[PDB]
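Enquirer: quick one: initial chain(s) of a complex, as found there:
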Amino acid sequence: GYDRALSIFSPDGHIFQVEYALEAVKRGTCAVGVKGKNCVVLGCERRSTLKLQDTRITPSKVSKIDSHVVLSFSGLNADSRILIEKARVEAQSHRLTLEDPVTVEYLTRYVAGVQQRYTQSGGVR
Amino acid sequence: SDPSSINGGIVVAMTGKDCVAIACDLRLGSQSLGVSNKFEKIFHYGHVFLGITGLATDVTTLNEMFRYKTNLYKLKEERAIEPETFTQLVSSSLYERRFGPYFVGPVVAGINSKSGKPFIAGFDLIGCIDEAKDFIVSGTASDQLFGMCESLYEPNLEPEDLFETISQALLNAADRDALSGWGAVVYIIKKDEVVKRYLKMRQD
Amino acid sequence: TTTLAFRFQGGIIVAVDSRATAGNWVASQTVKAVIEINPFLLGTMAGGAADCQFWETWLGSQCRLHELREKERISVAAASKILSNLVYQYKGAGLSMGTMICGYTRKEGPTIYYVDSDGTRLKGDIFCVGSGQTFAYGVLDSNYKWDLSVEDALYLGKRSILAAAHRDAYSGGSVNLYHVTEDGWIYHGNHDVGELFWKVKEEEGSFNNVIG
Amino acid sequence: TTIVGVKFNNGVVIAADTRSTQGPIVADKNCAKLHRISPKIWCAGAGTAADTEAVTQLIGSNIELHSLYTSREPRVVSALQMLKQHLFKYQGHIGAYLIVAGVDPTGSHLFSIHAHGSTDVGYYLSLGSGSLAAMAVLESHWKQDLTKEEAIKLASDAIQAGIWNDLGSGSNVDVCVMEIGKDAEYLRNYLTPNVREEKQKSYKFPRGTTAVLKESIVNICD
C-alpha cells in the first residue's frame, strides 16, 4: 500500500498540505449559514459562467444527511461526496445501535474526525 | 431420567449408648418441581425401623411388601422380627430383582429385644448389606451426609445428645442439596420407648 | 435462579433469589444475581453466571464511555442494545444469558428490556426469568396492578421470589430487593428465605400445605 | 478391592483389604470380603459387592446340602465347578471375581474365578483393583516351600501394597488360614494400620441447639 506521509510539519510549525487544502476551500463557491430563533437557513452561491446547465439533475449544493440534518460545503466538489456518504452511513448506524437519530453536534464531530484522520494518515491528502 | 434422583430425599441412621436414631427429610418432587412436603420415608414393622430413599413409587411398593412379609413372619413364628433377621430379608428381596431392580437406598435401624444391642444397616439397590457401628447414610445428599456424620459423630452418645448430632447432620446436608429438605423427622429409639420429633428447617 | 422486574406507578421493582447450583449440589446461597451496571442501571443475571457477570460488567464500561463522549446519560434502550448486539455476534458459540436491563431516564421513564443469549431483545412491563420463573409469574400476575404503592410493590416482588424459592428446588437462599427511581436505584436489603418464609406464613396465613 | 491367596507347606492362606467404595466415596471402612463357603473352604471376593456375597452364599448353601447328601466333607473343586458354571451361564453379568481356597480330603487348594466363568490355578494369586500392586509384591518375595508364618506375612504385605498404592483399597487387613488337619482360623482385622487420629475438637452440641416443631411418642407395642 501507498504509505508516504504527505501531511507533515515544516520548520515554522505549519502543515502546508492542510493549509493548501484551505486555499482550495477559498477557491470554492461561497456558502453561508444563518440560524434564527426557530430555524436555520443555508445559503449557497452558484457561479454563472456555466450556462446550458440542467438544474434538475445537477448535484445540489446542500445535501440531506438525515431527515433532520443537512450539510453544505465549500471547496472540492468530488471530495465533499465522500464526506457526505460517510456521514449518511454513520447517521443510519447511530439509529440502529442507539435507537435514536444523531445530534447535530455528534454528526459534526464525526465528520470533523474523518477530516482530521486524513491529516495524519499515510498515503492520503 | 435417572430413577434415583427424580423424586429426591435422604435418610440417615446413627447409634448411641443403648439407643439408635433414624431420620429423614419430607420432600417429594418431580425434578425441579416440589410436590409434597409430607412424604415420610421411614416406616416400622414392630420395633424394627426401615428408611427408604430413591424412586418414590418403589419406596411405597417396598414398604407395602415388607409389611406383607413381616406380618406373615409374625403369624408363623409367633414373635416379632428382629433387626438382624429383617436386614437379611431386605437383602434377599432386593437381590430377587437383580436384573430389574427397585431403585432404592434402604436403611434398617432398631434394637434387638433379646440382647438389647443397638443395630443399624444400609443397602445398595440390589441388596448388598452395609453394616456399621457408627452411622449409615442414603439419598441424593449422601456425600453431604457422609461429611457431616464423619466429623460430628462420636461413640456412646446419650439419646438426648444423639438427637442433636443426627438432626444437625441431616439439616446441614439437606441445605446443600436442591432435591432434599422441605421438612424433617427424627426417630429416637430406646429399648422400650420411641420418640418422634419433627424438625424446623428452611423451606427452600 | 428466579429473577423478576416489573414496571409500576412508582418506578421499577427488581427482586431476585440468591441460589446457585451445580446439578443437585448447592454451590452458593449468597450469590449476587443483581449486578449494578452503574448508579442508575441494574442488570439481572440468569443462565451462565460468568457470561452474565463478565458481559454486564463490560456493559457498564461501555455505558461509562458513552456518557464521557456524549456528556449525557445513556438510555436504557441504547444500553440494552449494546448488550444484545454483542451476544448476537457470539450466537451459536454457546453463551447462556437471560437478563433484564432496568433503568429510569427522563425521555423514556421507567424502562425494562429483556435481553437473552439467542439475540432476543424485548421491551416490557413485567418479566420473570429463571428455573422458577413460572412460580413467580403466578403470584405476580394475580396481584399486579399499576397503582401499587412502593411499599406494596416491594412486598409483591419479595413474595413472588419466595413463592419460587419454596417450590423450585434450584431457587432459594435469600431475597435481594431493589427499587429503581430516576435519581438512581435504592437497595432494599437481603432477606434470608429461612426466616422470611416462617414470618410470611404466620403474618399472611399462606402456605397451609406446610407444617408450621 | 485388593485380595490375595498364597499356598504354603501344609495349607493355604487368603487375605483381603476392608474398603468398600461407592464411586470415589468410601461407603464402608471395615467391610468383610472373606466369606465362608464351608468350614474349611473360604472365598475372597472382588467386584460387584452384592454379586460376590449372593453367589458365595448360594454355592455355600448347595455345598452344605451336597455334603449332607454324600456324607462327605466338601471339596474345593466342587465349589469351583459350581461357581464357574453359574457365572458362565450369566455371561459376565454377575460381576463376581473370586479367589477360592481351602482344604479337603484331597489336600489344599487355591483357585481364582472371573466373572465370565474362567478359572485359574496357582501358588499365589491376586484379584481386584489393587491386584497389580499386590502381584508386584508377590512376584518379588514369593518362593517355593513357604511356612505358615511366612505365607501370612507375604499375603498381608501384598494386601498392604494395595492399601497404600491403590485408591480402590484401604483400611485394614483380613486373613484366613486354612491348614491341613486343623480348624481354619479366620483372623478378622489381622492388621489395623489406618487408625483415625484424635480430632482437634469435640462437636458435641449444647442441648436445645436444634429447632423443633413437634414432639410425639411412637407406639411400637401391640
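Expert: Everything's here; your move. Numbering: from 1, shown residues only, chains lettered A, B, ... in the order given.

Enquirer: what's the distance between the residue nearest to residue D:109 when sequence neighbours are not counted and residue D:148?
Expert: Using Cβ to Cβ, 6 or more residues apart in numbering or on different chains and skipping the chain neighbours, the partner closest in space to residue D:109 is residue D:76 (3.9 Å). C-beta coordinates here come from the backbone N, C-alpha and C atoms, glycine included. For residue D:76, the distance to residue D:148 equals 19 Å [Cβ to Cβ, to the nearest Å].

Enquirer: could I get stretch C:114-124 in CSV with only the CA atoms?
Expert: Extracted in CSV, the C-alpha atoms of stretch C:114-124 (Å, rounded to 0.1, in the frame of the first residue of the first chain):
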residue,chain,number,x,y,z
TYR,C,114,-35.3,-8.5,28.4
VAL,C,115,-32.1,-9.5,26.7
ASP,C,116,-31.2,-13.1,26.0
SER,C,117,-28.2,-15.1,24.6
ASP,C,118,-30.0,-16.1,21.4
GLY,C,119,-30.4,-12.4,20.4
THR,C,120,-33.9,-11.6,21.7
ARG,C,121,-34.5,-8.0,22.9
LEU,C,122,-37.9,-7.2,24.3
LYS,C,123,-39.3,-4.1,26.0
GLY,C,124,-42.0,-4.9,28.5
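
Enquirer: what does chain C have sitting close to chain A?
Expert: For chain C, the residues in contact with chain A (Cβ under 8 Å from any Cβ of the partner chain) are C:70, C:75, C:77, C:78, C:81, C:82, C:85.

Enquirer: partners of the one residue sitting closest to the centre of chain B in the sheet?
Expert: By Cα atoms, centre = their mean, chain B has its centre lying nearest to residue B:51, at 2.6 Å. Partner residues in beta bridges with residue B:51, using DSSP bridges, are residue B:42, residue B:107.

Enquirer: Sequence for chain E below, add it please:
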Amino acid sequence: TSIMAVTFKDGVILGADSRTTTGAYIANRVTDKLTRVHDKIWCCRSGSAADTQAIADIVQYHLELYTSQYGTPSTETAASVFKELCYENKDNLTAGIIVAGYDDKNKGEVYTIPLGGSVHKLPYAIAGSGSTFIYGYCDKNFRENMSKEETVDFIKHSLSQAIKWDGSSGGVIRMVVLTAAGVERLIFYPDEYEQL
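Expert: So that you can see how it sits with the rest, here is chain E on the chains above:
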C-alpha cells in the same frame, strides 16, 4: 495365545505357550492351555479362556459318557463334539481349538476348529494370535513322519518365534506327547528357548 499340534511317526504332539492376558496385563504367566478331554485325546485352547474351558468341560463330559456306553471314542468323534458346540453356538463363542489324539488304528490325528465352527483335518495345525508370525516358518520346516525329537524341536523353534514377535504370547512352552507308550508332559523355560 500361540498353540500348535503336530503329527509324527509315533503319534502326535501338542504345544502351547502359557500367557493369559487382560488387555496388556498378563493375568497368568503359567497357564496350562493343553487340556485332557480323554486319556489320549487332548486339545489346545485359544480365544476366550471362559468359553474354551466351558466347552472342554462339556466335551470331557460327553466323551466320558460315550466311553461308559460304547467304549473308547475316536479322535474324529471328539472333534465332532467340539465342532457341534462351536458351530451351533458360533454367535456367543470366541474359541479357536485344536483337537489332537492317538488311536492305535489311526495313529496320530490333528483336527483344527476355527471361529466359525468348521472342522479341518490336517498333518499339523497352528492357531492363536502368535500363529500369524510362523506360517512361513512352519510351512517351510514341517515334514511328515518326523521323529519325536525332531517334532519337539520343530514345535519348540516355532513357538519360540511366535512368542518372540507376539506380545500376546509368552512364558513357558508346554508340550504334551501322545503315543502308544502313554502320555508325557514337557516344559521349556525362557532361558532355553529365547536364545534359539
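
Enquirer: and the residue nearest to the centre of chain B, what is it in contact with?
Expert: Going by Cβ atoms under 8 Å, 6 or more residues apart in numbering or on different chains, residue B:51 touches B:11, B:13, B:22, B:24, B:41, B:42, B:43, B:106, B:107, B:109, B:138.

Enquirer: can you tell me how far the last one sits from chain A?
Expert: It stands for residue B:138. Between residue B:138 and chain A the computed distance is 57 Å (Cβ to the nearest Cβ, to the nearest Å).

Enquirer: The residue nearest to that residue when sequence neighbours are not counted: what secondary structure?
Expert: Once flanking residues are discounted, residue B:138 sits nearest to residue B:105: 3.8 Å by Cβ to Cβ, 6+ apart. State at residue B:105, reduced to three classes by DSSP: H, G, I helix; E, B strand; the rest coil: strand.

Enquirer: separation between residue B:105 and residue B:141?
Expert: For residue B:105, the distance to residue B:141 (Cβ to Cβ) stands at 11 Å.

Enquirer: Flag every residue of chain B that's near chain D.
Expert: So far as Cβ under 8 Å from any Cβ goes, chain B lies against chain D at B:44, B:46-47, B:95, B:98-99, B:122, B:124, B:126-132, B:142-143, B:146, B:151-152, B:154, B:157, B:160-161, B:163-165, B:167-168, B:171, B:187, B:193-201.

Enquirer: Now tell me what touches the helix or strand in which residue E:52 is found from outside.
Expert: Taking DSSP states H and E as the criterion, residue E:52 maps to helix E:49-70. Contact with helix E:49-70 is made by D:84-85, D:88, D:114, D:116-119, E:20, E:31, E:35-38, E:41, E:43, E:45-46, E:73, E:77-78, E:81-82, E:85-86, E:93-95, E:97, as judged by Cβ under 8 Å, 6+ apart.

Enquirer: okay, chain F goes in next:
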Amino acid sequence: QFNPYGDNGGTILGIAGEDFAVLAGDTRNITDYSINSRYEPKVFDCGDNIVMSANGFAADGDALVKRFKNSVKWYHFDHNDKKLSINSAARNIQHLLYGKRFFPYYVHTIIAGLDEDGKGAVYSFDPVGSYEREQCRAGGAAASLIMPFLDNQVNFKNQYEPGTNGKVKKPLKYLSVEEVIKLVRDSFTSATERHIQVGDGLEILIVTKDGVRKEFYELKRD
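Expert: Time to bring in chain F:
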C-alpha cells in the same frame, strides 16, 4: 479421540477471619486409581499477600497460577510498584479465565488474603470466571463433604440459641486463627476418611499483615 482434560483429584479450602485468612489444600495428586505424588503442593504464595490455588486439572491449574503470578509482576512494572489489592486480583483472574471461555481451564480457583481495610478475604471462581467474595469456601473432589460442615461451624447455620424456641439464631462472630485451623484439620481428616482422592498430607497457608506463614500436617496414606 484425544481428550485434552484430566482429573488430578485433590481438594482445597479457604476460610477468612477478622484480621487473617487461610487457604488450605491436600498434597495428594492422582490419576484414576493411582497416586502420582503424596506431596505435590497446589497452594501458592503469589506475592502482595495473595495466596492462590486452582484445583481440578493440574495442567490447567499450574498454567493459570503461572499466568496470574506473571500478571502481578507486570502490574508492578506498569503501575509504579503499586500493591495489587485482593479485589483487583480477583477481577484480573476473571479475565484470565473468561479469556478461555470456549476452551476453559478445568479448575475451581480460590484466592485468599486481606482486603484494603485489613480484614480477611476469600474469593472463589468457577472454571469460566464467575467470582464471589465469601467467608468460607471448599473446592475440589471433597467439596460436597466439607462445605456443609463449614456452613454449620463457621457460619453457624441451622444452629439456634438453646431455650429460645428456635426463634433466636446463634450469633455470628469471627473465629480465632487457632479455632479456624482446628476446623480445617478436622475437615480434611473427615474428607480423607470418606473420599479416596483425598489424603497423604495437608498444607495450610495463613495470611496476616505480617506476611504468609505455612503449616503442614500428615494425613492418612490409604
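
Enquirer: back to the contacts of helix E:49-70, now that we've got chain F?
Expert: Contacts for helix E:49-70 (Cβ under 8 Å, 6+ apart): D:84-85, D:88, D:114, D:116-119, E:20, E:31, E:35-38, E:41, E:43, E:45-46, E:73, E:77-78, E:81-82, E:85-86, E:93-95, E:97.

Enquirer: one more time with 6 Å
Expert: D:88, D:116-118, E:35, E:37-38, E:45, E:73, E:81-82, E:85, E:93-95 (Cβ atoms under 6 Å, 6 or more residues apart in numbering or on different chains).

Enquirer: Can you go through these and name the buried ones?
Expert: Listed as buried from those are D:88, D:116-118, E:35, E:37-38, E:45, E:73, E:81-82, E:85, E:93, E:95; burial here means 16 or more other Cβ atoms under 10 Å in any protein chain shown.

Enquirer: Looking at those residues, spot the one nearest residue C:161.
Expert: residue D:116 (56.6 Å; Cβ to Cβ).

Enquirer: Out of the contacts of helix E:49-70, which sit inside strands?
Expert: Of the positions in the contacts of helix E:49-70, E:35, E:37, E:38, E:45, E:95 sit in strands, assigned by DSSP state E.

Enquirer: Can you pick out the most distant pair from the buried ones among the contacts of helix E:49-70?
Expert: For the buried ones among the contacts of helix E:49-70, the farthest-apart pair by Cβ to Cβ is D:116 and E:73; their separation is 29.1 Å.

Enquirer: For the chain, which segments are assigned as strands?
Expert: Looking at chain A here, since you left the chain open. Counting by DSSP E, chain A has strands at residues A:31-35, A:40-44, A:63-64, A:70-71.

Enquirer: You answered for a different chain; I wanted chain F.
Expert: Under the criterion DSSP E, chain F contains strands at F:11-16, F:21-26, F:29-31, F:34-37, F:44-45, F:51-56, F:107-114, F:120-125, F:131-134, F:136-140, F:201-208, F:211-218.
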